[PDB]
Structures are given as structure tokens and as C-alpha cells.
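Protein chains in written order, with my numbering: chain A, 1 to 208; chain B, 1 to 138; chain C, 1 to 157; chain D, 1 to 226.
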Amino acid sequence: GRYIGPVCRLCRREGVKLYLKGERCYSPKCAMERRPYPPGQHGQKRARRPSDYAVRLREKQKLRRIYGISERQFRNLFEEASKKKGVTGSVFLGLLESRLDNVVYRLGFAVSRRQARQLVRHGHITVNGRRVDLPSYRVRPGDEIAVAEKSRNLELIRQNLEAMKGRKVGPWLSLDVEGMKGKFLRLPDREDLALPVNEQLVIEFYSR
Amino acid sequence: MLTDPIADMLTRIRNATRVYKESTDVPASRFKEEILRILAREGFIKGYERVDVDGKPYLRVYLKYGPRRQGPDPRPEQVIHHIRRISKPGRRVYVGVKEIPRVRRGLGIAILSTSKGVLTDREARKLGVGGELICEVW
Amino acid sequence: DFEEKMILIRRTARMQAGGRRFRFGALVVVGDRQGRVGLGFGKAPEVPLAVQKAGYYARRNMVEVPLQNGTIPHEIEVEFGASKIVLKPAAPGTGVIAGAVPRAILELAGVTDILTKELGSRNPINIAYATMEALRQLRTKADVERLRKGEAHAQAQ
Amino acid sequence: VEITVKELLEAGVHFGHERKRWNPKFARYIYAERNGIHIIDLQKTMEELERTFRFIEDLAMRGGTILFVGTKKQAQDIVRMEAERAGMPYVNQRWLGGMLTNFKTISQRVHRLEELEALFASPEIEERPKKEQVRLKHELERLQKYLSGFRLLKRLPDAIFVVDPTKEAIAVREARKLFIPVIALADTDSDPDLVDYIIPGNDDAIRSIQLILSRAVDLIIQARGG
RNA sequence: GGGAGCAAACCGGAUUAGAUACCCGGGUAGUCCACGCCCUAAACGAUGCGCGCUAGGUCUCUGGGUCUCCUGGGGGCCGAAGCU
RNA sequence: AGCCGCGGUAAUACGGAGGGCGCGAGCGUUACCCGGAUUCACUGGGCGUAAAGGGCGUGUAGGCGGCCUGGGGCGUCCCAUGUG
Ligand SMILES: [Mg+2]
Ligand SMILES: [Mg+2]
Ligand SMILES: [Mg+2]
Ligand SMILES: [Mg+2]
Ligand SMILES: [Mg+2]
Ligand SMILES: [Mg+2]
Ligand SMILES: [Mg+2]
Ligand SMILES: [Mg+2]
Ligand SMILES: [Mg+2]
Ligand SMILES: [Mg+2]
Ligand SMILES: [Mg+2]
Ligand SMILES: [Mg+2]
Ligand SMILES: [Mg+2]
Ligand SMILES: [Mg+2]
Ligand SMILES: [Mg+2]
Ligand SMILES: [Mg+2]
Ligand SMILES: [Mg+2]
Ligand SMILES: [Mg+2]
Ligand SMILES: [Mg+2]
Ligand SMILES: [Mg+2]
Ligand SMILES: [Mg+2]
Ligand SMILES: [Zn+2]
Numbered sequence: 001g002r003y004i005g006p007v008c009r010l011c012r013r014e015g016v017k018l019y020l021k022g023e024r025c026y027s028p029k030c031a032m033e034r035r036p037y038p039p040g041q042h043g044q045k046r047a048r049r050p051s052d053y054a055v056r057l058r059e060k061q062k063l064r065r066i067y068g069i070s071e072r073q074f075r076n077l078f079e080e081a082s083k084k085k086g087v088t089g090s091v092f093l094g095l096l097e098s099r100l101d102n103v104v105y106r107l108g109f110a111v112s113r114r115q116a117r118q119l120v121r122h123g124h125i126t127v128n129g130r131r132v133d134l135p136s137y138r139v140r141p142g143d144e145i146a147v148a149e150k151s152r153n154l155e156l157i158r159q160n161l162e163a164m165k166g167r168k169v170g171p172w173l174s175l176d177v178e179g180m181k182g183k184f185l186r187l188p189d190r191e192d193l194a195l196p197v198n199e200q201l202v203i204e205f206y207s208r
Numbered sequence: 001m002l003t004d005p006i007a008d009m010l011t012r013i014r015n016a017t018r019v020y021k022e023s024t025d026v027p028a029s030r031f032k033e034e035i036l037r038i039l040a041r042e043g044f045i046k047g048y049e050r051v052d053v054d055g056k057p058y059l060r061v062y063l064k065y066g067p068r069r070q071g072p073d074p075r076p077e078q079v080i081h082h083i084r085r086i087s088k089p090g091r092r093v094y095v096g097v098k099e100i101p102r103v104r105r106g107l108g109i110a111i112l113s114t115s116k117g118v119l120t121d122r123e124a125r126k127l128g129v130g131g132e133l134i135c136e137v138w
Numbered sequence: 001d002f003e004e005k006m007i008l009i010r011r012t013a014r015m016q017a018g019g020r021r022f023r024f025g026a027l028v029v030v031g032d033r034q035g036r037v038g039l040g041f042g043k044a045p046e047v048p049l050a051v052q053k054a055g056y057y058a059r060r061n062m063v064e065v066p067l068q069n070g071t072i073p074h075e076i077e078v079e080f081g082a083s084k085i086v087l088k089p090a091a092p093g094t095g096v097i098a099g100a101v102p103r104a105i106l107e108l109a110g111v112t113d114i115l116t117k118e119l120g121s122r123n124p125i126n127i128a129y130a131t132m133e134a135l136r137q138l139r140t141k142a143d144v145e146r147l148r149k150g151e152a153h154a155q156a157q
Numbered sequence: 001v002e003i004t005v006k007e008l009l010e011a012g013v014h015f016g017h018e019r020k021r022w023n024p025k026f027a028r029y030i031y032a033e034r035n036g037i038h039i040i041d042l043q044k045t046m047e048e049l050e051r052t053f054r055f056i057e058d059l060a061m062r063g064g065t066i067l068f069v070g071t072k073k074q075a076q077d078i079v080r081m082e083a084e085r086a087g088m089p090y091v092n093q094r095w096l097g098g099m100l101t102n103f104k105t106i107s108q109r110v111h112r113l114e115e116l117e118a119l120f121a122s123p124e125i126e127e128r129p130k131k132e133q134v135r136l137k138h139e140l141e142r143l144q145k146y147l148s149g150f151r152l153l154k155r156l157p158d159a160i161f162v163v164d165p166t167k168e169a170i171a172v173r174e175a176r177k178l179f180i181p182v183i184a185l186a187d188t189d190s191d192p193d194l195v196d197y198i199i200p201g202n203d204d205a206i207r208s209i210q211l212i213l214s215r216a217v218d219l220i221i222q223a224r225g226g
């Protein structure tokens with residue numbers, strides 16, 4: 001299935017915050033905040049040089065975890081941007097944002113990505129006016145990501161549809177706060193997304 | 001016995017240069033003349049002059065070089081960094097247009113014999129024909 | 001002020017009456033990823049005394065690089081020893097594909113994209129200045145029509 | 001001042017060296033072999049002397065510090081009294097592999113001379129036990145020997161000046177590396193592409209040496225007003 | 001056919017712990033000629049064979065010329081460029 | 001235990017534990033195909049010592065070839081077309 005387990009420990013594995021714990025992950029709690037060093041018995045001891053391949057892999061893992069999809073199809077998404085006409089680093093992401101489970105988490109309707117998924121899986125979501133239980137979902141420019149009326153008066157929807165009067169979307173996006181709607185303007189750029197990944201280093205792991 | 005009129009020339013001018021000889025002389029063909037007019041159309045060589053060495057017919061090619069480099073090896077740069085022939089005899093090499101390659105990512109020249117004669121991949125493809133693929137300079 | 005990766009280290013043997021004696025050797029890069037890049041090879045009695053020294057030789061052993069949209073201007077090949085080094089420009093998005101040691105040297109010199117193979121003998125050190133030379137020898141669409149033609153330049157351009 | 005064909009001749013400048021000890025690249029520069037031992041074309045020293053005085057005149061107008069190198073036992077005390085007149089640094093005695101690609105390691109030895117001149121001035125020397133006294137004496141002159149031209153070389157020279165680019169093809173090969181320009185006086189037994197600013201003329205003629213330095217060291221001082 | 005001298009095998013003497021060897025005194029094959037076989041070799045520059053191109057220096061054998069030197073063909077050594 | 005290798009009382013290598021990395025309804029092992037392997041070398045190799053120049057010639061099939069112009073257009077290039 002999906003990975004399911006001790007999430008804020010990769011808040012610390014690759015050494016920087018991955019906001020996957022979600023609304024806690026802006027505390028002086030999310031695990032990183034306390035103890036930067038990554039897991040078990042040794043995590044505090046002196047860390048030596050990382051192999052050329054170490055680093056090659058770290059920065060791949062980060063981007064795989066951070067987006068909350070498992071390897072086997074993190075691949076067919078890479079290998080589907082390769083097969084596509086344009087910059088490979090920049091196409092890749094481009095079809096991470098078009099996935100449904102992170103079409104929500106940037107459209108507001110959730111606290112973290114792992115949560116944001118549940119709402120997709122469970123019949124809660126509208127796509128060009130229909131119900132989609134499919135995180136694997138290719139959201140195109142002009143699509144309509146909303147909520148089905150039935151779930152609307154749920155707290156989790158709403159405390160989150162709240163806070164959005166203090167934030168903004170992401171410039172490829174209109175949020176319709178009140179009407180509970182959302183619109184996919186275009187794809188992103190590598191202009192926008194300021195992730196803590198370096199993407200060529202990802203591709204240099206999918207060269208070997 | 002003597003086999004390759006052509007490959008021979010290259011190797012004179014090869015060995016000629018890498019010594020930094022001002023001038024060097026090669027057994028007057030019609031081919032060797034038309035290949036040569038290229039090599040100065042495209043500034044690898046200053047130019048060839050027809051000269052008779054011992055009442056025998058010949059071509060005097062003058063040699064182009066780099067400029068006085070410094071360092072501890074003050075020896076320039078053959079404008080001809082590598083010249084070498086592809087259609088070898090008994091082992092020949094005929095390319096269409098599709099099959100005409102480009103040399104050093106466009107920085108260089110491939111020489112052709114075509115139904116319209118003595119041609120560079122640029123002049124070659126611009127013309128839209130091909131044939132025996134000959135040598136290769138840069 | 002020069003960022004500097006490190007390629008390889010080794011312990012080498014001398015000898016003597018009663019037991020061996022040694023010395024260590026350190027292969028080091030350098031390079032402002034926009035243009036330049038050096039290499040050193042350093043020997044010294046205790047290790048990071050060498051690794052430090054190897055950094056020295058690289059500062060003098062510098063090679064400006066013709067760079068062009070993070071890539072290599074033309075194709076290229078060079079021998080040095082029986083270790084045969086290949087480079088070749090890659091497009092935007094293909095990026096430092098190259099084994100162990102060109103990566104180290106190409107990256108730090110500043111290449112985004114490149115293609116690459118290593119040949120026959122693979123000993124680091126040869127393939128090191130295999131490529132230090134491969135790069136000393138890159139030539140530019142202008143450095144070039146002003147090597148040739150440039151007999152009478154500025155009548156042409 | 002200026003120079004003619006007339007003057008060079010009497011010196012023995014056409015007077016080349018052998019054909020048995022001979023550098024092929026020296027081609028361009030000869031007339032022939034009147035008795036197997038070559039004759040330099042001085043109408044091709046007028047060429048490489050013009051140009052190779054212009055370059056010296058510029059350097060004395062942008063005040064350059066020009067090394068002097070002659071070790072061939074006749075050369076020496078003519079290198080000398082022709083650098084001294086010029087205000088210069090000269091390696092007359094014996095070149096050292098280093099003195100250019102190692103100016104530091106060497107120049108840690110000037111100061112050790114300059115320290116020892118001054119140590120010998122004061123009275124505190126005599127206090128040191130007289131074993132060291134004569135001992136540390138020796139070291140004084142050693143340094144005055146192989147350096148009494150090096151001292152005034154406080155940094156790295158704008159051009160080195162050889163009389164034999166084959167004896168000290170050592171030196172020439174240093175200033176090869178550390179991109180200094182080279183100014184050499186060469187007969188035929190000497191690679192002439194290893195020099196940028198070159199004089200074809202006699203290696204060992206103690207009158208060919210003599211004119212050329214004493215006519216160089218003019219278009220130094222004249223070009224530095226005086 | 002020939003057999004002086006040399007000399008596997010072989011006969012003795014000596015050395016050595018033992019000596020079927022090293023050392024010594026003889027010894028047939030055989031090396032020698034023929035005529036037919038045998039057809040291997042560290043048969044070795046351990047570099048198959050022709051032609052064209054690329055600093056030279058000395059040495060040496062052999063040719064030709066207006067022979068202080070020039071120019072052909074060989075055998076050697078040291079060295080440019082370049083190869084390794 | 002795939003390779004070099006670890007174990008002869010301080011085992012990061014064996015068996016357990018805690019901890020760790022990678023993957024996930026699959027994760028491993030065995031068998032076969034290609035890559036690696038420019039280790040069959042058209043692209044893309046080599047023989048002095050490293051595996052390798054025939055022990056030397058002759059010459060047949062076959063492979064290959066100098067300068068000047070012209071006829072053929074078999075190859076090779078080019079365009080239209082039928083097929084794939
Ligand atoms: Mg699945
Ligand atoms: Mg239901
Ligand atoms: Mg090789
Ligand atoms: Mg190998
Ligand atoms: Mg006997
Ligand atoms: Mg018989
Ligand atoms: Mg017989
Ligand atoms: Mg026989
Ligand atoms: Mg046999
Ligand atoms: Mg043979
Ligand atoms: Mg000879
Ligand atoms: Mg050499
Ligand atoms: Mg134990
Ligand atoms: Mg264990
Ligand atoms: Mg293969
Ligand atoms: Mg091989
Ligand atoms: Mg062998
Ligand atoms: Mg054999
Ligand atoms: Mg023919
Ligand atoms: Mg014809
Ligand atoms: Mg036809
Ligand atoms: Zn978290």
C-alpha cells in the first residue's frame with residue numbers, strides 16, 4: 001500500500017523539515033524542531049562522508065517521501081517525464097502537482113498530505129463535478145477540484161477552509177473559499193515550487 | 001607500391017605541420033586540387049600553389065597555424081587538429097544525405113565526392129545529394 | 001575562496017630494513033561551478049596533511065573552461081595512458097552522467113548536462129588528467145573561426 | 001643609442017659555433033660554412049636586435065627589473081660589470097634550480113645573509129664561542145658568492161637575460177613556466193624557439209658578449225634618463 | 001664409403017653422506033663424402049611483405065660527382081617531433 | 001559467502017537482540033536473455049618482452065593500385081512512383 005508509520009523522523013532522516021506531520025509541523029513540536037539528528041542508537045554520533053551514490057539517493061528519497069507516494073510509481077512518473085518532450089527535472093514535478101492527493105493539499109482542503117489523501121480516497125472530492133477516489137489522478141489545466149456538498153459541513157474541511165483567509169494559494173490556482181471550489185490554472189514552473197530538493201541530483205540516480 | 005593518392009596528402013600535411021613547416025608539396029592530381037580549394041575556402045590552410053618540382057607536376061600547399069602560444073611549449077595549434085580519411089580503399093563509404101554526418105558538433109568539416117563534386121557537409125546537404133565520404137578536418 | 005571536492009585517497013608502500021614505511025596520496029578537485037576547476041595530486045607523511053597539500057597543486061593547475069548553457073561546446077575524446085576518456089554534450093535535463101571521477105571533476109567545473117564513458121584501463125589518476133586534458137582542449141565557436149579564417153579577421157567580422 | 005653592421009662584425013658576432021654541435025631549428029639565421037664552422041647572417045641580427053632592443057627599451061620606460069644570466073667562465077665578470085652599471089640583478093656565479101620556481105625557498109636565504117651581515121656588524125658575534133665564529137663566518141661569504149646579484153631581486157623579474165640558452169636552458173625553462181619573457185644571446189648550438197626576444201651572435205666570444213651587453217645596458221639607462 | 005681429433009651411450013678412477021653427475025683416463029654412435037629421407041628450433045630484430053611522409057649528429061663498408069665537400073646503398077651508436 | 005574474504009576469547013562478516021537501510025502484498029533465492037565486456041573489437045582492439053609475425057622464398061585463386069581526356073552509367077548519390 002502506502003507508507004504508514006512514524007512520519008516526523010524523516011522530518012529528520014534527510015536532515016530538513018518535511019511538512020508531512022502537517023499543522024503540528026509548524027510548532028516547536030514537529031519532531032525535527034526538537035532533535036535535528038535522524039533516528040536510531042547512533043543518530044547523534046559523528047557522520048562521515050556520504051558516498052557519491054549516498055547523496056545521489058538521499059535527495060531522491062526526500063522527493064519521494066516528501067510527496068507521499070511509494071517508489072514503484074515514483075518511477076513510472078519519472079520514466080514518464082523522460083519519455084516526454086521538454087526539461088526532465090521540470091516536467092517531473094509538473095506531474096506531481098497534477099496528482100489528486102497533492103492537488104488538494106495545495107488547494108487548502110487539508111492539514112497534511114497524508115490527511116489530504118483520506119479525503120480523496122473516501123468519496124469526498126469533486127473533479128469537473130464528479131466523485132474521485134483516486135490519488136493516482138491526472139489533473140489537467142482547467143480542471144475543477146471542489147468538494148461534494150455532502151461532506152462540506154464537516155469540521156476537518158471547514159477549520160481548514162477557515163485558515164485560508166490568512167494564506168494564499170499557489171499562482172497556478174484560484175481558491176473559491178466560500179463556494180468551496182478550486183481551479184487548476186496551468187501546470188507549475190520550477191519558478192514556483194521552492195522545495196528542499198535539488199532535482200538533477202534525483203535524475204543522476206535514475207541514470208545509474 | 002603506392003596505393004592511396006588521397007590519404008597520402010593528409011599525412012604529408014599531417015606530418016608537415018606537427019613540425020611546424022611553413023610549406024609542403026604534394027603530387028599534382030585533379031582530386032588533390034579540388035579537395036585543396038575546400039581546405040582554404042574553409043581556412044585550414046593558407047592555400048595551394050601549382051609548382052613544378054624537378055620538371056614534374058606538383059602542388060605546393062602552404063601551412064596554416066595557431067599564433068605564438070606561451071608557456072614552456074611555445075608551439076601553436078594546427079588549424080588542422082586532426083585530419084583523416086574515411087572511405088578507405090577496399091572498404092568504401094557512401095552516404096546519402098540522410099546518412100551525411102556532421103563533424104565536431106558543427107565546428108568541423110566532412111569532405112564529400114558527389115555527383116556535383118567536391119563538397120562539405122554544409123555545401124553537401126544545402127545541395128541535397130551525397131556520395132563517397134572522404135575525410136574529416138577540425 | 002574555492003569550493004573543493006575530493007576524488008580519491010590512497011596509502012602507498014616504500015620499504016626498508018625491518019618493516020615497511022609509507023606515505024599517502026590524495027586526489028583533489030576544485031572549481032567555481034561557473035567556468036573554472038583545478039586538480040591536484042598530493043603525497044605526504046600523515047593523511048590530511050596530504051589532502052591539504054593536494055588542494056594546493058589544484059590552485060595553480062587551474063583550467064578555465066569554455067562553458068555553454070551548463071554543457072560541453074562540441075563532442076570530444078582523449079587518450080592518456082591506456083585509459084580512454086569520452087565526453088559529448090548533453091541537452092538541458094540529461095545531466096552529469098559519467099562515472100565516479102568525471103562527475104567529481106565535471107560537476108565542480110560546472111557542467112549541468114553531459115554524456116560520458118571510461119575505457120580499457122580505469123585507474124582514477126589517469127582518467128583524472130585524462131579529462132583535465134580533455135578540458136584543456138575544448139574549443140569555442142569563436143575561439144575557432146578565429147584560429148582558422150582569422151588570418152584576415154575583422155574583414156570577415 | 002644605435003648600432004650597425006660595421007660594429008658587430010669586429011666583435012665576432014657572425015662568428016658562429018660548430019656544425020657537429022648544432023641545432024637544426026637555428027636554420028633561418030646563417031650565411032654558410034666558411035671552414036665547416038658556421039657564419040651568422042648579421043642582416044638577420046639587425047632584425048632580431050632591433051625588435052630585441054625595443055622590448056628592452058619599453059621595460060626601462062615601465063621600469064622593469066631584468067635578470068642577468070651568464071655562467072660560462074668568460075661571461076661572468078662581463079655579466080657583472082655590465083649589470084652593475086645598469087642597476088640590476090645578475091646570476092653570474094651559478095644558477096640554482098629554484099631561484100624562480102621557488103623564489104621563496106631561495107629568498108629565505110637572502111634574508112639569512114642580510115641578517116648575517118648585520119650580525120657581524122654588532123659586537124654580539126664575538127660573544128658566541130669561536131668555533132661557531134669561524135664556522136658561521138664561512139656561511140657569510142658562501143651567500144655573498146652565489147647571491148651578490150640576487151640580493152637586489154626583491155620580487156620576480158620582468159624578463160630574464162641569458163648568454164647561452166643551452167647551458168642555462170635550466171633558467172630559461174623556469175621563466176618558461178612562471179610566464180616571464182626571455183632575452184637570450186645565442187649562437188647555433190641552441191634551441192631558438194625557447195626564446196621570445198632573441199639575439200643571434202656569439203656564445204663564447206669575450207668581445208661578442210662585451211659589445212652586446214654594453215650596448216644593451218645603454219638602451220637601458222638612456223631609456224631611464226641618464 | 002670414410003674414421004685423425006672430438007665425443008651421448010658405455011668401461012674405469014677420483015670427489016661426496018650417496019654422485020647413475022661437475023673433475024680425470026679409454027670408448028661405439030656420430031660428426032666427414034655421397035645419394036635419397038627427416039622438415040623441427042630461443043629458425044630471434046623473439047619486430048611478415050611492399051610504397052609515400054617526418055630535426056639531425058657522429059661513426060663505419062660500398063658505389064658516382066665540378067672529390068675543402070656534394071649526393072646514392074648498407075651496417076651500427078646518440079638524439080627532434082611523435083609513439084609507448 | 002556473488003568477488004577479494006571474516007572466525008585460532010575485544011568478530012560493524014557467523015547465530016540472537018536492540019537499533020538501521022531498502023522495499024511493500026509482495027520481498028527474496030535458483031535458472032535463462034541482453035547490458036556491463038571497446039573480453040569477437042563495422043561503430044570500437046591488438047602481436048618486440050604481456051596470449052599472438054607464419055623458420056625463409058615463389059607464385060595461383062582473390063583483395064588492392066600512379067598521371068592526362070573522352071565514351072558507357074554496373075556501383076554510389078538524387079527526384080517522382082508501386083510496395084512495405
Ligand atoms: Mg501495486
Ligand atoms: Mg458508500
Ligand atoms: Mg593504447
Ligand atoms: Mg582492461
Ligand atoms: Mg670422458
Ligand atoms: Mg649415417
Ligand atoms: Mg646428405
Ligand atoms: Mg633437415
Ligand atoms: Mg613443435
Ligand atoms: Mg621473420
Ligand atoms: Mg645509413
Ligand atoms: Mg621525447
Ligand atoms: Mg564479540
Ligand atoms: Mg550479525
Ligand atoms: Mg561486443
Ligand atoms: Mg586488446
Ligand atoms: Mg610472447
Ligand atoms: Mg615463430
Ligand atoms: Mg583506378
Ligand atoms: Mg576519368
Ligand atoms: Mg546507376
Ligand atoms: Zn512532520
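Just so it is clear, CB atoms sit at the ideal spot from N, CA and C, and this is done for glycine as well.
Note down the Cα distance separating residue i from residue j, rounded to an integer number of angstroms.
| i | j | result |
| --- | --- | --- |
| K43(C) | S207(A) | 34 angstroms |
| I111(B) | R99(A) | 53 angstroms |
| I209(D) | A159(D) | 18 angstroms |
| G81(C) | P124(C) | 11 angstroms |
| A81(A) | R136(C) | 35 angstroms |
| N61(C) | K17(A) | 40 angstroms |
| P188(A) | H82(B) | 47 angstroms |
| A100(C) | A134(C) | 16 angstroms |
| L153(D) | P36(A) | 58 angstroms |
| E162(A) | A91(C) | 46 angstroms |
| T188(D) | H138(D) | 40 angstroms |
| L77(A) | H124(A) | 25 angstroms |
Quick one: what does DSSP say residue i is sitting in, helix, strand or coil?
| i | result |
| --- | --- |
| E144(A) | strand |
| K181(A) | strand |
| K46(B) | strand |
| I127(C) | helix |
| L113(D) | helix |
| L138(C) | coil |
| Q157(C) | coil |
Ligand 4 site residues, beta-carbon cut 7 angstroms against heavy atoms: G120(C) and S121(C)
Short-range partners of chain A found in the stretch 88 to 111 of chain C, where Cβ spacing is below 8 angstroms: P92, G93, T94, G95, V96, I97, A100, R103 and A104
Secondary structure, alpha helix (DSSP H): runs of 4+ residues fully inside the stretch 50 to 108 of chain D: 76 to 83 and 103 to 107
Unbroken stretches of the beta strand (DSSP E), 3 residues or longer, contained in the stretch 22 to 63 of chain C: 22 to 28 and 40 to 44
Those runs of the beta strand (DSSP E) which lie wholly inside the stretch 195 to 226 of chain D and span at least 3 residues: 197 to 200
Near-chain C residues of the stretch 70 to 104 of chain A - C-beta to any C-beta below 7 angstroms: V87, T88 and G89
Interface residues of the stretch 51 to 74 of chain B facing chain D [CB-CB below 9 angstroms]: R68, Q70, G71, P72, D73 and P74
Ranges of the alpha helix (DSSP H) found wholly within the stretch 133 to 208 of chain D, counting only runs of at least 4: 171 to 177
Contact list for the stretch 176 to 201 of chain D against chain B, Cβ threshold 8 angstroms: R176, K177, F179, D193, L194 and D196
Complete beta strand (DSSP E) runs within the stretch 124 to 169 of chain A (minimum length 3 residues, chain order): none
Cβ-based contacts, 9 angstroms cut-off: residues of the stretch 131 to 158 of chain A near chain C: none
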